[PDB]
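First the proteins, then the strands, lettered A, B, ... as listed; each starts at 1. Indexing begins at 1, ligand by ligand and atom by atom, following the structure's order. All values below were derived from every heavy atom in this structure, side-chain atoms included, with hydrogens, water molecules and symmetry-related copies excluded.
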2 protein chains.
Amino acid sequence: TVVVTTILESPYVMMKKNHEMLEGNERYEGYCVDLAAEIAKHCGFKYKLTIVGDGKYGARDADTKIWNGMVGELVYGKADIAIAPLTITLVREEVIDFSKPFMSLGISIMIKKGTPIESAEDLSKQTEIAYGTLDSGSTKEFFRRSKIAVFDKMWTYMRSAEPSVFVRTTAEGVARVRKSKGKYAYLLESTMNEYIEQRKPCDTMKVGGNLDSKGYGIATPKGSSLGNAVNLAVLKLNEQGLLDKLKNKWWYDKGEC
Amino acid sequence: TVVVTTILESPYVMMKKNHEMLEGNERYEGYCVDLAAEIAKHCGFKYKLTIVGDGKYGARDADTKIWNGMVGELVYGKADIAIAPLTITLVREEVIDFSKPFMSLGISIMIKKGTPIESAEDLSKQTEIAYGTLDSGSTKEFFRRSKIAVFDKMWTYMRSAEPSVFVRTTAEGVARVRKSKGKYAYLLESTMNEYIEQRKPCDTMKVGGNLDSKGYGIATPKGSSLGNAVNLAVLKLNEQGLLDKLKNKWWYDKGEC
Ligand SMILES: CC(C)(C)c1onc(OCP(=O)(O)O)c1C[C@H](N)C(=O)O
Ligand SMILES: CC(C)(C)c1onc(OCP(=O)(O)O)c1C[C@H](N)C(=O)O
């Protein structure tokens, strides 16, 4: 039985309302739960869904050099495969293997409905509406390094802004938008932006195109015997239209706005 | 010296106007020419850009089961790496290796400006404005195999439409749009649609969102000692913002509309 590590994140993996009366994999529902089933079916293996211990995605401590989250669970041998909204990055690709992207995304802008902002440019040219990002992560690093006037301009602003425009968690950014009465815009991964826009109280919306492009990939350890098959299954699923069908299902068909 | 196989296609690889006075790699310019330079730099190797003999990207003959194009060059050991707008697909991934995608794309709709069509659904509900695709390839196949009502209806229309709505080449499809006075819409890869839209006579435009999602990747023979390194380089370049810089450079900065 293959040990799958994943993370409780909506709408990827969530516990059913009546989960206490259910067993094993049947306790969970979500985009990645359906995806795992598809992958396992096409690859031909039985599996067990396990929630990542520390509830993290995967980063290496610059001091201890220890990997946390799902990535850590793979390199230290606790799980055989990770099926989650795990962004494919250079540092992670150096210690584990990623299938080709099963979902595309990018940095996007979240505003409280009514806010007079339609793009990253609109934000850069004004200050009445504050805007920020997580105090760490690829989004912050993106602006921090962007040599693009519109983005670097936004960076200088964000850094010299008072009070701080940075938040520690995603939930904090989203709440700051909903409670700032239109005076705060939040930069985050488009997938989450699009998802929140379809959830009550339906008071936020995504605007403008994405600022960059990345993808989520299924991960397996170097040399894994699952690596190749998994990659081919992801491609097959996308080509059969299943990936788009699952996106629509969990984001819109189950939407509330 | 690394032997790179590529193909002359705008704005990826093109012979400079004064190419006869230039030599080797210097004869060419474009997105893939710059990308090739960047990859080689980071990976630290010397290379030679060679143009695929048959002018094909990579398809397996159903009868002989022989691969043509750049895929063929890699599969049969004629080239070390392919740097071009080569779509990552299941059938290709089974015979060669692909780096993570360096560019995203999808099937899109090209219309001559003024055409009263905003989406694929719009096209599917009528026949006044004819629409088609290449007489062969993944776009045609996408429609042939789609389970989506709108797309399946579009397929049935295209297959039975007279005169034939299919074209032999990309240039023919675009030309047909431009000379049909808005009575012909062409379905093609978004990247080409967005490029042409920025080119005189500025009489075409992309409408609606893409119908699917895929990407171009750098390819190497299965088990190539270059594969790993090149893949890591692509991720690094995307993280450094170089891939977007190049896209903006060849599509928009050098724009004419
Ligand atoms: C998956 C979800 C949408 C919840 C997510 O939203 N923001 C994230 O990270 C912050 P940043 O994008 O700044 O690194 C992540 C997690 C990210 N995809 C990862 O793989 O670490
Ligand atoms: C890259 C470019 C935009 C020139 C292109 O436009 N149409 C193409 O194929 C036809 P289809 O998409 O029908 O397979 C390709 C080539 C394609 N990316 C491939 O890898 O074969």
Next on the checklist: Among residues at least two apart in sequence or on other chains, which ones pass ring pair (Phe, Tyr, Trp, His ring centres under 6.0 Å) with A:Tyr131?
Outcome noted: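 Partners of A:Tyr131 by the ring pair (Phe, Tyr, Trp, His ring centres under 6.0 Å) criterion, ordered by chain and then number, come out as A:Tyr157.
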
Next on the checklist: Can you list every protein residue that has a heavy atom under 4.0 Å from any atom of ligand 2, sorted by chain and residue number?
Outcome noted: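 Near ligand 2, by chain and number: B:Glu9, B:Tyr57, B:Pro85, B:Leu86, B:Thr87, B:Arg92, B:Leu134, B:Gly137, B:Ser138, B:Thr139, B:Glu189, B:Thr191, B:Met192, B:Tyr216.
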
Checklist entry - When the ring planes of A:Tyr12 and A:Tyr216 are compared, do they come out parallel, tilted or perpendicular, using 30° and 60° as the limits? => result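 A:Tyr12 and A:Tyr216: perpendicular rings.
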
Item to check | Backbone N/O of B:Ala82 and side chain of B:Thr5: donor-acceptor pair under 3.5 Å | outcome: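 Flag not set: sc B:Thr5 to bb B:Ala82 has no pair under 3.5 Å.
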
Checklist entry - Listed by chain and number, what are the side chain to side chain contact (heavy atoms under 4.5 Å, CB included) partners of A:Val75, not counting sequence neighbours? => result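 For A:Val75 the side chain to side chain contact (heavy atoms under 4.5 Å, CB included) partners, ignoring immediate neighbours, are A:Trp67, A:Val95, A:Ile96.
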
Next on the checklist: Testing the basics here: between B:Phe98 and B:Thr87, what is the closest heavy-atom pair and its distance to 0.1 Å?
Outcome noted: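 Answer, listing the atom of B:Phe98 first, then B:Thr87: CZ-O, 3.5 Å.
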
Next on the checklist: Applying salt bridge (charged side-chain N to carboxylate O under 4.0 Å, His left out), can you list everything that pairs with B:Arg199, at least two apart in sequence or on another chain?
Outcome noted: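 B:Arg199 satisfies salt bridge (charged side-chain N to carboxylate O under 4.0 Å, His left out) with B:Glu256 only.
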
